[PDB]
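What follows is one structure encoded as structure tokens, with my remarks underneath.
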Amino acid sequence: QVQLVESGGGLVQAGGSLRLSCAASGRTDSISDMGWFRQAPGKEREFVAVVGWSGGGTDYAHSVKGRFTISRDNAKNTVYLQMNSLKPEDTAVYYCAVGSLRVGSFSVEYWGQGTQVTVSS
Amino acid sequence: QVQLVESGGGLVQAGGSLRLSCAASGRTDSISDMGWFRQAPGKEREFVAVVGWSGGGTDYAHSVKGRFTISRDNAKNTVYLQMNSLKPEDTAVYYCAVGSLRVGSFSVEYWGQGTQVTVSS
Amino acid sequence: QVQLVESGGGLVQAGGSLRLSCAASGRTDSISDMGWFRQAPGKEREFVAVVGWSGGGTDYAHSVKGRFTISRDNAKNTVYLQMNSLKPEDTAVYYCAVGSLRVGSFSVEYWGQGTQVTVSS
Amino acid sequence: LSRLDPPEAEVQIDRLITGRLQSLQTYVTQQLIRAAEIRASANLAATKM
Amino acid sequence: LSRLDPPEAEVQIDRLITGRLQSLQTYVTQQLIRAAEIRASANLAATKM
Amino acid sequence: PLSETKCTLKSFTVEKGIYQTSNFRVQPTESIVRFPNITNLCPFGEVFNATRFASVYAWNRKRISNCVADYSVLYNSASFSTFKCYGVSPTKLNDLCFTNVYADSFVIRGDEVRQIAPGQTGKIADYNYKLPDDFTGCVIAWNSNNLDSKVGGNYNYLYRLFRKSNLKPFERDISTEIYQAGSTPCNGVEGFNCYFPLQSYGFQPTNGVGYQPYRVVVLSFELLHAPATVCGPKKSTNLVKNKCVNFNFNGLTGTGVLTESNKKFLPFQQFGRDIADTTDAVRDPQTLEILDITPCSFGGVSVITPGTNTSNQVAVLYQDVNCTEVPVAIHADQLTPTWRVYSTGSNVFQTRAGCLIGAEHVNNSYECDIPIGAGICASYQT
Amino acid sequence: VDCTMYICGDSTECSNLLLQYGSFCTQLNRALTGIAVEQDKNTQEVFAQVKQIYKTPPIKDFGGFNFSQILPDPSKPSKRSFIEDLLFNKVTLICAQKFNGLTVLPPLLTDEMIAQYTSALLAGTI
Amino acid sequence: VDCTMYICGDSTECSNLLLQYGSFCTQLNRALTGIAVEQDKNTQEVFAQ
Amino acid sequence: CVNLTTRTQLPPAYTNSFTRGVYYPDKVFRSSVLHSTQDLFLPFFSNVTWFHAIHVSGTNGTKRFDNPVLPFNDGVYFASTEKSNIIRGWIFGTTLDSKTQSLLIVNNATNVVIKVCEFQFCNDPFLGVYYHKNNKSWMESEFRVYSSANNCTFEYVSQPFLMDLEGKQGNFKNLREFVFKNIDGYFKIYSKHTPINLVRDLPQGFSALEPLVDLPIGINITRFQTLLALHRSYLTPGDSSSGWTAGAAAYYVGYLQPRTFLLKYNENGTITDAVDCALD
């Protein structure tokens with residue numbers, strides 16, 4: 001069973017930067033893509049970002065296009081997600097999710113515990 | 001001296017789940033037992049959960065026994081506390097405390113900054 | 001071309017401390033002295049701190065002398081500025097400048113993006 | 001070259017050259033020993049001739 | 001040693017010993033082969049005398 | 001070559017004999033890329049060139065797999081009004097293989113093409129076609145007045161406007177239940193504050209440009225860890241023979257000369273290896289013939305000359321090369337007057353050990369002076 | 001063996017990285033050249049021991065002794081004895097290994113010249 | 001000398017990593033076997049005359 | 001369908017597999033060289049499981065309807081010799097139902113079918129044989145392998161390829177072998193068709209199995225079955241009793257194991273012999 005461990009996060013102000021790391025352990029030999037999810041209190045989860053096995057083909061949400069940055073370290077099996085031009089609407093608990101990019105919905109076989117990120121005004 | 005950074009938590013509804021993580025840096029080669037403390041407003045700090053170096057033999061407070069889970073990641077030097085079936089009475093400020101399990105009183109050697117956790121009814 | 005990325009900052013109470021970091025990428029072989037500047041609203045940019053290639057011989061502004069601490073890490077090409085004894089007058093938009101310290105006028109070859117720093121009374 | 005960017009490619013190529021050079025030196029030492037043996041045999045053959 | 005800190009100096013000078021020891025071992029093997037050849041030549045010269 | 005021989009020995013004077021200075025090799029001309037006739041094309045034309053188009057609320061979904069996304073033929077045609085791509089460049093995805101591809105086709109108004117966007121909100125986006133935040137595909141639309149219009153107008157299209165809740169991303173549901181407001185429930189009748197979810201949709205020739213019907217096809221490309229099923233158009237270059245050039249046969253890279261061969265492969269065999277498990281025979285993907293792979297020149301450069309005293313000219317010997325291929329073995333870049341004389345011209349002799357330049361072959365036999373190989377020796381005497 | 005090309009195949013970066021390992025490839029090339037010239041000298045001293053080339057008389061009359069099996073005959077395309085032909089046929093890939101600088105074909109003395117030397121030695125002895 | 005066991009003591013991962021180095025251990029075993037056969041041949045030639 | 005009737009169960013038999021079960025490790029041509037490779041191969045002289053389908057003449061004879069489920073493991077070797085084309089396909093999957101995706105191969109006396117869907121396989125899948133009084137030939141009219149088919153993912157068809165279905169007696173004419181491997185999301189199959197004149201056991205000859213079709217399916221296969229052809233006893237020439245009858249047929253199930261093999265290649269790339277480096 002694939003296990004996900006999260007680290008980082010914290011409290012940041014408007015216009016600041018933050019970094020997130022999600023590590024995968026177990027049967028990770030059949031894992032190529034990992035995505036991040038956000039949900040506001042009382043709101044459903046939504047796609048944020050994803051990174052491919054080769055480091056290319058990344059897709060970002062429309063509200064976050066041109067602002068985020070993601071990178072995958074295959075040697076350490078850890079993906080580093082960089083935040084730039086943060087906005088108070090980005091205050092939610094971030095969940096790293098391992099899955100395969102499917103047309104219609106980004107299916108997730110196993111969801112990680114996740115961590116919270118707070119952005120103030 | 002050991003430096004501790006608190007992360008995780010947030011605002012959750014009744015019956016939800018949350019996770020807390022603290023990172024230990026410095027002379028961590030002499031740390032085996034990790035303890036967690038919470039401080040409700042107007043109340044003194046109280047025990048929450050403890051995890052051993054090997055990850056087994058964990059203990060929890062009687063008021064929260066059977067609902068709280070704590071795990072330690074030796075590779076990342078991070079200890080994760082998982083809350084299940086959260087209640088409004090659990091709303092307290094959780095502190096990252098490092099010490100050795102001494103009979104009679106948990107002798108904490110290093111104290112963290114603390115994190116805010118809120119549970120709504 | 002040299003690209004500068006700013007990180008850190010935020011809102012802190014009076015008497016607190018914060019850390020500021022600026023990263024340089026690209027043709028970094030011709031980078032020895034990095035200048036640090038802040039820009040208050042309605043005020044021109046003023047010198048704050050500076051670092052050298054060897055990490056020594058740092059000079060500080062008169063207003064911030066004796067209360068700041070900046071160190072440059074050549075291995076990671078990152079400079080960390082630790083600021084203490086903060087006052088409300090220090091609230092400004094902080095920048096990192098890369099160039100050469102010339103007598104009479106600090107010659108700057110590359111400019112960064114800036115970070116938000118706020119100090120409350 | 002294609003799969004990995006330079007930064008670790010230099011060390012990967014260094015390891016590859018180290019292994020190949022070790023193999024080549026082993027082969028050269030074996031060839032030198034064989035050449036010495038064949039030189040002794042040829043000296044004996046010339047003496048017998 | 002002057003420019004670089006011990007944490008990376010360990011690996012740098014370690015590579016230094018690896019290379020220098022490989023060169024020294026190659027030189028010693030070549031010298032041993034040459035010494036064997038010279039011993040054969042000296043034995044032939046002594047027999048001829 | 002005399003200077004090179006002098007500085008290889010670290011001395012301005014040299015003795016009679018043969019010295020090896022450097023090596024030579026043959027550069028690939030440009031490249032070689034080969035591929036078979038074609039892989040099966042995706043049925044994108046069937047969806048694009050479709051006589052019947054489903055409604056926006058009942059958009060048809062087609063599974064696209066085990067083919068090639070040959071969209072380059074239509075990308076440069078510029079026959080589509082909108083070709084906006086979200087999250088990826090339109091041409092970047094061509095050189096990449098996608099595991100799962102789905103095609104959705106529907107007809108909407110000209111002004112409604114903006115509603116088909118990732119995360120877009122509106123009367124059509126939230127009720128007919130909803131796109132998630134993760135939209136790696138592109139939206140393609142073009143005019144359809146010539147086919148979706150006639151005298152008297154058309155009334156074969158329907159759309160959904162009222163629903164209990166906002167549609168989930170890529171969620172389709174068809175029902176005849178009448179939407180009823182919570183404040184004034186109808187309990188199964190068409191009363192006040194109760195409207196049918198489906199409404200009449202049509203177009204007429206008198207409509208403006210923004211009101212004319214538009215055929216919209218949504219193509220999305222996403223990646224799975226499973227083996228890929230859809231890829232991009234493959235390119236194939238011309239095939240050359242008897243020339244040293246890099247080759248790329250179905251992903252197999254290498255350098256060598258591809259010549260005709262007499263060996264016959266099995267119908268399923270593709271590559272060929274020798275005792276030293278090195279590729280030496282690769283079939284042509286286009287047509288069924290076998291081409292051998294051989295090294296270009298290898299070899300080394302040896303200089304034959306007497307001592308610097310009483311003689312100054314030198315002779316150059318190239319090992320394991322043919323005299324016809326000598327002028328292109330690391331040349332056309334040196335200093336011309338004293339290097340073209342030792343690379344081309346007369347005094348060209350082909351020996352067993354290689355090609356000899358600058359030495360005149362003599363039928364007479366003399367005692368060996370400078371060893372070369374195969375019983376051939378060089379002397380400065382006339 | 002070309003050490004630079006054997007270790008790195010038409011790779012400029014690999015060659016540049018190899019250049020900083022000293023002159024090892026030069027040492028191995030010099031060792032191989034020394035081995036080759038050593039074998040050439042060994043063949044020369046083993047076979048080229050007679051100053052001239054003696055020839056047997058056209059009439060083979062040696063008091064009843066028969067040397068047909070050891071003297072070369074003009075009937076065969078190669079002027080070699082029956083025993084020499086049998087030895088060459090009996091002794092039997094090197095040619096298929098020419099893919100990483102393994103260019104191996106400098107015979108200093110051909111088989112024909114070695115056979116001629118052997119025939120001259122036999123004629124002189126007889 | 002058993003190369004695969006001398007270098008790696010009852011460790012499967014060590015053997016797996018060593019297998020990536022080619023046939024160095026096979027070459028060493030062949031050289032040692034040839035040395036033993038040669039020594040036996042010299043003994044037989046010296047004594048069994 | 002429903003549970004099949006007349007299900008007589010007897011302990012399975014075994015027979016020597018000899019040197020059969022050798023396939024090309026890769027599509028690489030080799031000429032007059034000896035190559036050593038490590039791959040999933042059937043061990044030489046293995047005790048391959050014995051299966052047979054035949055109806056003994058007379059009332060006391062016992063007809064067998066053998067169609068059990070067997071594990072797949074890391075490789076399955078399938079062999080079968082016949083003379084009336086009884087075997088036409090196999091069932092592969094993990095849970096053998098619609099819960100998990102599976103793949104199925106069928107040959108309805110025409111073409112070749114490869115389908116990968118979550119079929120609801122019945123407990124006794126088979127193809128019926130019918131004999132019209134006005135269409136007096138051999139054809140298939142009963143198709144009850146699965147209750148229903150849905151969730152199409154793969155589909156393939158072939159040109160009409162049919163043989164005589166007459167249940168003639170005598171020596172067996174041809175023998176067919178199949179090797180199934182599933183690794184790295186790829187399902188590779190190998191086959192080899194050779195003519196034989198024997199009636200019992202396996203031939204002592206050697207023949208390599210060339211690849212036929214590579215299926216890029218990432219589904220996991222843990223169990224497999226075998227399709228059988230059953231003739232209608234109530235409507236069979238000569239036969240009159242109601243029930244089901246099976247013609248003379250037999251199939252084999254071998255298991256592949258990780259072994260080192262020394263393949264021998266002839267002058268034109270055809271494998272002529274092989275040696276397993278674990279026997280003696």
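For the structure tokens, the naming scheme is as follows: chains receive sequential letters (A, B, ...) according to their order of presentation, residues are indexed from 1 within each chain, and ligands are indexed from 1 in presentation order.
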
Skip residue H:4 itself and residues of its chain fewer than 2 positions away, then list as an mmCIF file with N, CA, C and O atoms, in the first residue's frame all residues within 7 Å of it, counting only C-alpha atoms.
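Output (out03.cif):
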```cif
data_model
loop_
_atom_site.group_PDB
_atom_site.id
_atom_site.type_symbol
_atom_site.label_atom_id
_atom_site.label_comp_id
_atom_site.auth_asym_id
_atom_site.auth_seq_id
_atom_site.Cartn_x
_atom_site.Cartn_y
_atom_site.Cartn_z
ATOM 1 N N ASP H 2 36.680 -17.169 -3.860
ATOM 2 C CA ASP H 2 35.310 -16.966 -4.328
ATOM 3 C C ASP H 2 35.007 -15.476 -4.276
ATOM 4 O O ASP H 2 34.681 -14.932 -3.219
ATOM 5 N N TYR H 6 33.623 -13.594 -1.282
ATOM 6 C CA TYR H 6 34.621 -12.836 -0.535
ATOM 7 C C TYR H 6 34.216 -11.373 -0.416
ATOM 8 O O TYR H 6 34.287 -10.783 0.668
ATOM 9 N N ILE H 7 33.789 -10.767 -1.527
ATOM 10 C CA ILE H 7 33.400 -9.360 -1.488
ATOM 11 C C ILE H 7 32.088 -9.183 -0.736
ATOM 12 O O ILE H 7 31.933 -8.245 0.056
ATOM 13 N N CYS H 8 31.125 -10.073 -0.964
ATOM 14 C CA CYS H 8 29.790 -9.965 -0.376
ATOM 15 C C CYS H 8 29.542 -11.186 0.503
ATOM 16 O O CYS H 8 29.481 -12.316 0.009
ATOM 17 N N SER H 15 25.233 -8.902 -3.606
ATOM 18 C CA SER H 15 25.433 -9.649 -4.843
ATOM 19 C C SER H 15 24.730 -8.973 -6.013
ATOM 20 O O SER H 15 25.266 -8.925 -7.126
ATOM 21 N N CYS H 25 34.556 -10.820 -11.300
ATOM 22 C CA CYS H 25 34.761 -11.992 -10.455
ATOM 23 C C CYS H 25 34.995 -13.241 -11.294
ATOM 24 O O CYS H 25 35.809 -14.098 -10.930
#
```

Could I have chain E as a JSON list (two decimals) with N, CA, C and O atoms, in the first residue's frame after it is superimposed on chain D by least squares, pairing all C-alpha atoms in sequence order?
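Written output follows (result13.json):
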```
[["chain", "number", "residue", "atom", "x", "y", "z"],
["E", 1, "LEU", "N", 22.62, 11.01, -21.25],
["E", 1, "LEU", "CA", 22.69, 12.44, -21.52],
["E", 1, "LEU", "C", 21.32, 13.01, -21.87],
["E", 1, "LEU", "O", 20.99, 14.14, -21.47],
["E", 2, "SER", "N", 20.50, 12.25, -22.61],
["E", 2, "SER", "CA", 19.20, 12.75, -23.01],
["E", 2, "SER", "C", 18.26, 12.90, -21.82],
["E", 2, "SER", "O", 17.62, 13.95, -21.65],
["E", 3, "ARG", "N", 18.15, 11.87, -20.98],
["E", 3, "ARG", "CA", 17.19, 11.88, -19.89],
["E", 3, "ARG", "C", 17.60, 12.74, -18.70],
["E", 3, "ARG", "O", 16.74, 13.38, -18.10],
["E", 4, "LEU", "N", 18.89, 12.79, -18.36],
["E", 4, "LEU", "CA", 19.32, 13.41, -17.12],
["E", 4, "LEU", "C", 20.07, 14.71, -17.42],
["E", 4, "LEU", "O", 20.77, 14.83, -18.42],
["E", 5, "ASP", "N", 19.90, 15.67, -16.51],
["E", 5, "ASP", "CA", 20.52, 16.98, -16.62],
["E", 5, "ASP", "C", 22.02, 16.89, -16.36],
["E", 5, "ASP", "O", 22.50, 15.94, -15.73],
["E", 6, "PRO", "N", 22.78, 17.87, -16.85],
["E", 6, "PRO", "CA", 24.24, 17.85, -16.66],
["E", 6, "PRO", "C", 24.66, 17.78, -15.19],
["E", 6, "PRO", "O", 25.67, 17.11, -14.89],
["E", 7, "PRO", "N", 23.97, 18.44, -14.25],
["E", 7, "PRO", "CA", 24.45, 18.39, -12.85],
["E", 7, "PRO", "C", 24.62, 16.98, -12.30],
["E", 7, "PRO", "O", 25.58, 16.74, -11.56],
["E", 8, "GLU", "N", 23.73, 16.05, -12.63],
["E", 8, "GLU", "CA", 23.91, 14.66, -12.20],
["E", 8, "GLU", "C", 24.56, 13.80, -13.28],
["E", 8, "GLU", "O", 25.15, 12.76, -12.96],
["E", 9, "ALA", "N", 24.46, 14.22, -14.54],
["E", 9, "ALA", "CA", 25.18, 13.54, -15.60],
["E", 9, "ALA", "C", 26.68, 13.57, -15.35],
["E", 9, "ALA", "O", 27.39, 12.62, -15.68],
["E", 10, "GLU", "N", 27.19, 14.66, -14.75],
["E", 10, "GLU", "CA", 28.61, 14.71, -14.44],
["E", 10, "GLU", "C", 29.03, 13.50, -13.62],
["E", 10, "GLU", "O", 29.94, 12.76, -14.01],
["E", 11, "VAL", "N", 28.33, 13.23, -12.51],
["E", 11, "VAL", "CA", 28.71, 12.12, -11.65],
["E", 11, "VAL", "C", 28.40, 10.78, -12.31],
["E", 11, "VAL", "O", 29.16, 9.81, -12.15],
["E", 12, "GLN", "N", 27.30, 10.69, -13.07],
["E", 12, "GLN", "CA", 26.95, 9.41, -13.69],
["E", 12, "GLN", "C", 28.00, 8.99, -14.72],
["E", 12, "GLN", "O", 28.55, 7.88, -14.64],
["E", 13, "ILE", "N", 28.31, 9.87, -15.67],
["E", 13, "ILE", "CA", 29.33, 9.54, -16.66],
["E", 13, "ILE", "C", 30.71, 9.47, -16.01],
["E", 13, "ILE", "O", 31.58, 8.72, -16.46],
["E", 14, "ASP", "N", 30.93, 10.20, -14.91],
["E", 14, "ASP", "CA", 32.19, 10.05, -14.19],
["E", 14, "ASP", "C", 32.35, 8.63, -13.66],
["E", 14, "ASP", "O", 33.43, 8.03, -13.78],
["E", 15, "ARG", "N", 31.28, 8.07, -13.08],
["E", 15, "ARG", "CA", 31.30, 6.67, -12.68],
["E", 15, "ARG", "C", 31.52, 5.77, -13.89],
["E", 15, "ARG", "O", 32.18, 4.73, -13.80],
["E", 16, "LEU", "N", 30.97, 6.16, -15.04],
["E", 16, "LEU", "CA", 31.17, 5.39, -16.26],
["E", 16, "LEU", "C", 32.65, 5.31, -16.64],
["E", 16, "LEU", "O", 33.17, 4.21, -16.90],
["E", 17, "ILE", "N", 33.34, 6.45, -16.67],
["E", 17, "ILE", "CA", 34.79, 6.42, -16.94],
["E", 17, "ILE", "C", 35.53, 5.64, -15.86],
["E", 17, "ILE", "O", 36.46, 4.89, -16.17],
["E", 18, "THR", "N", 35.15, 5.80, -14.59],
["E", 18, "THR", "CA", 35.87, 5.05, -13.55],
["E", 18, "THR", "C", 35.80, 3.55, -13.82],
["E", 18, "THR", "O", 36.83, 2.87, -13.85],
["E", 19, "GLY", "N", 34.59, 3.03, -14.05],
["E", 19, "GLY", "CA", 34.44, 1.61, -14.29],
["E", 19, "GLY", "C", 35.14, 1.15, -15.56],
["E", 19, "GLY", "O", 35.85, 0.14, -15.57],
["E", 20, "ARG", "N", 34.95, 1.89, -16.66],
["E", 20, "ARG", "CA", 35.53, 1.48, -17.93],
["E", 20, "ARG", "C", 37.05, 1.54, -17.90],
["E", 20, "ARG", "O", 37.72, 0.67, -18.45],
["E", 21, "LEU", "N", 37.61, 2.57, -17.26],
["E", 21, "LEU", "CA", 39.05, 2.68, -17.13],
["E", 21, "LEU", "C", 39.62, 1.58, -16.25],
["E", 21, "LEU", "O", 40.70, 1.05, -16.53],
["E", 22, "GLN", "N", 38.91, 1.23, -15.17],
["E", 22, "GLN", "CA", 39.37, 0.11, -14.35],
["E", 22, "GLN", "C", 39.39, -1.19, -15.16],
["E", 22, "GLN", "O", 40.36, -1.96, -15.09],
["E", 23, "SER", "N", 38.33, -1.43, -15.94],
["E", 23, "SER", "CA", 38.30, -2.62, -16.79],
["E", 23, "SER", "C", 39.43, -2.60, -17.81],
["E", 23, "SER", "O", 40.08, -3.63, -18.04],
["E", 24, "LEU", "N", 39.67, -1.45, -18.43],
["E", 24, "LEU", "CA", 40.72, -1.34, -19.44],
["E", 24, "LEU", "C", 42.10, -1.57, -18.83],
["E", 24, "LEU", "O", 42.96, -2.22, -19.43],
["E", 25, "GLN", "N", 42.34, -1.02, -17.63],
["E", 25, "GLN", "CA", 43.62, -1.23, -16.97],
["E", 25, "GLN", "C", 43.82, -2.69, -16.58],
["E", 25, "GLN", "O", 44.93, -3.22, -16.72],
["E", 26, "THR", "N", 42.77, -3.35, -16.10],
["E", 26, "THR", "CA", 42.88, -4.78, -15.81],
["E", 26, "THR", "C", 43.19, -5.57, -17.07],
["E", 26, "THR", "O", 44.05, -6.47, -17.06],
["E", 27, "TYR", "N", 42.51, -5.25, -18.17],
["E", 27, "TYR", "CA", 42.78, -5.93, -19.44],
["E", 27, "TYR", "C", 44.21, -5.69, -19.90],
["E", 27, "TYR", "O", 44.87, -6.60, -20.41],
["E", 28, "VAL", "N", 44.70, -4.46, -19.75],
["E", 28, "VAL", "CA", 46.06, -4.13, -20.19],
["E", 28, "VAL", "C", 47.09, -4.87, -19.34],
["E", 28, "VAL", "O", 48.10, -5.35, -19.86],
["E", 29, "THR", "N", 46.85, -4.96, -18.03],
["E", 29, "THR", "CA", 47.76, -5.72, -17.17],
["E", 29, "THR", "C", 47.78, -7.19, -17.55],
["E", 29, "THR", "O", 48.85, -7.82, -17.62],
["E", 30, "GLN", "N", 46.60, -7.77, -17.81],
["E", 30, "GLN", "CA", 46.55, -9.16, -18.24],
["E", 30, "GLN", "C", 47.27, -9.36, -19.57],
["E", 30, "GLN", "O", 47.99, -10.34, -19.76],
["E", 31, "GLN", "N", 47.09, -8.42, -20.50],
["E", 31, "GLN", "CA", 47.77, -8.50, -21.79],
["E", 31, "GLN", "C", 49.28, -8.39, -21.63],
["E", 31, "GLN", "O", 50.03, -9.06, -22.33],
["E", 32, "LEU", "N", 49.73, -7.53, -20.71],
["E", 32, "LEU", "CA", 51.17, -7.40, -20.47],
["E", 32, "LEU", "C", 51.75, -8.69, -19.90],
["E", 32, "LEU", "O", 52.84, -9.12, -20.29],
["E", 33, "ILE", "N", 51.03, -9.32, -18.96],
["E", 33, "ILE", "CA", 51.50, -10.59, -18.41],
["E", 33, "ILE", "C", 51.55, -11.66, -19.50],
["E", 33, "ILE", "O", 52.52, -12.42, -19.61],
["E", 34, "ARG", "N", 50.50, -11.73, -20.32],
["E", 34, "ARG", "CA", 50.48, -12.70, -21.41],
["E", 34, "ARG", "C", 51.60, -12.42, -22.41],
["E", 34, "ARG", "O", 52.20, -13.36, -22.95],
["E", 35, "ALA", "N", 51.88, -11.15, -22.68],
["E", 35, "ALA", "CA", 52.96, -10.79, -23.59],
["E", 35, "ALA", "C", 54.32, -11.18, -23.03],
["E", 35, "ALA", "O", 55.20, -11.62, -23.78],
["E", 36, "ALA", "N", 54.51, -11.02, -21.72],
["E", 36, "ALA", "CA", 55.76, -11.47, -21.10],
["E", 36, "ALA", "C", 55.91, -12.98, -21.22],
["E", 36, "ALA", "O", 56.99, -13.49, -21.53],
["E", 37, "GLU", "N", 54.82, -13.72, -20.97],
["E", 37, "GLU", "CA", 54.87, -15.18, -21.12],
["E", 37, "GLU", "C", 55.18, -15.58, -22.56],
["E", 37, "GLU", "O", 55.97, -16.49, -22.80],
["E", 38, "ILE", "N", 54.55, -14.90, -23.52],
["E", 38, "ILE", "CA", 54.78, -15.21, -24.93],
["E", 38, "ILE", "C", 56.21, -14.85, -25.32],
["E", 38, "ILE", "O", 56.83, -15.53, -26.14],
["E", 39, "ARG", "N", 56.75, -13.77, -24.75],
["E", 39, "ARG", "CA", 58.15, -13.42, -25.01],
["E", 39, "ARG", "C", 59.09, -14.50, -24.49],
["E", 39, "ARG", "O", 60.06, -14.86, -25.16],
["E", 40, "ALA", "N", 58.82, -15.02, -23.29],
["E", 40, "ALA", "CA", 59.64, -16.11, -22.76],
["E", 40, "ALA", "C", 59.54, -17.34, -23.66],
["E", 40, "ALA", "O", 60.56, -17.98, -23.97],
["E", 41, "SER", "N", 58.33, -17.68, -24.10],
["E", 41, "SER", "CA", 58.15, -18.83, -24.98],
["E", 41, "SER", "C", 58.87, -18.63, -26.31],
["E", 41, "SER", "O", 59.48, -19.56, -26.84],
["E", 42, "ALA", "N", 58.81, -17.41, -26.86],
["E", 42, "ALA", "CA", 59.47, -17.13, -28.13],
["E", 42, "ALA", "C", 60.99, -17.16, -27.99],
["E", 42, "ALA", "O", 61.69, -17.61, -28.90],
["E", 43, "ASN", "N", 61.51, -16.68, -26.86],
["E", 43, "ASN", "CA", 62.94, -16.79, -26.61],
["E", 43, "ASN", "C", 63.37, -18.24, -26.52],
["E", 43, "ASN", "O", 64.41, -18.63, -27.08],
["E", 44, "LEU", "N", 62.58, -19.07, -25.83],
["E", 44, "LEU", "CA", 62.88, -20.49, -25.77],
["E", 44, "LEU", "C", 62.84, -21.13, -27.16],
["E", 44, "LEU", "O", 63.69, -21.95, -27.50],
["E", 45, "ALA", "N", 61.84, -20.76, -27.96],
["E", 45, "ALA", "CA", 61.72, -21.31, -29.31],
["E", 45, "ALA", "C", 62.89, -20.89, -30.19],
["E", 45, "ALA", "O", 63.40, -21.70, -30.98],
["E", 46, "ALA", "N", 63.32, -19.63, -30.08],
["E", 46, "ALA", "CA", 64.46, -19.17, -30.86],
["E", 46, "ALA", "C", 65.74, -19.88, -30.44],
["E", 46, "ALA", "O", 66.55, -20.27, -31.29],
["E", 47, "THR", "N", 65.93, -20.07, -29.13],
["E", 47, "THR", "CA", 67.10, -20.81, -28.66],
["E", 47, "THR", "C", 67.06, -22.25, -29.16],
["E", 47, "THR", "O", 68.10, -22.80, -29.57],
["E", 48, "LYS", "N", 65.88, -22.88, -29.14],
["E", 48, "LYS", "CA", 65.76, -24.24, -29.64],
["E", 48, "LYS", "C", 66.03, -24.32, -31.14],
["E", 48, "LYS", "O", 66.64, -25.28, -31.60],
["E", 49, "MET", "N", 65.57, -23.34, -31.91],
["E", 49, "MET", "CA", 65.86, -23.35, -33.34],
["E", 49, "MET", "C", 67.35, -23.15, -33.60],
["E", 49, "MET", "O", 67.92, -23.79, -34.49]]
```

Legend entry - Polymer residues at most 12 Å from residue F:296, only C-alpha atoms, same-chain spacing of 2 or more positions, as a VMD selection string: (chain F and resid 24 to 29 242 to 246 254 to 259 293 to 294 298 to 299 320 to 322 325 to 326 328 to 329) or (chain G and resid 98 to 101)

_Neighbouring residues of stretch 54-65 of chain G were defined as those with any atom within 10 Å, considering only C-alpha atoms; residues of the same chain fewer than 5 positions away were excluded. Please report them as a ChimeraX atom specification._
/G:71-72,116-117,119-126

Could you give me, as a PyMOL selection string, the residues within 7 Å of residue B:16, counting only C-alpha atoms and dropping anything in the same chain fewer than 2 positions from it? chain B and resi 12-14+18+84-86

Practice problem: Using backbone DSSP assignments, extract all strand (DSSP E or B) residues from chain B; output them as a PyMOL selection string. | Solution: chain B and resi 3-8+10-12+18-25+34-39+46-51+59-60+68-73+78-83+93-100+107-111+115-119

message = Which residues are near residue G:108? Cut-off 6 Å, only C-alpha atoms, ignore same chain within fewer than 5 positions. Put them as number ranges by chain.
response = F: 373-375

Give me the residues near stretch 23-34 of chain G as an MDAnalysis selection string, where near means some atom within 7 Å (using only C-alpha atoms) and where sequence neighbours in that chain fewer than 5 positions away do not count.
(chainID D and resid 28) or (chainID G and resid 1 3:4)

Query raised in the report: What residues in chain A have any atom no more than 12 Å from chain D when counting only C-alpha atoms, and can you write them as a VMD selection string?
Result: chain A and resid 53 to 55 73 to 75

Next item on the list: Could the residues of chain A within 9 Å of chain F, counting only C-alpha atoms, be given as a PyMOL selection string, please?
Entry: chain A and resi 30-33+46-49+52+57-63+65+99-106
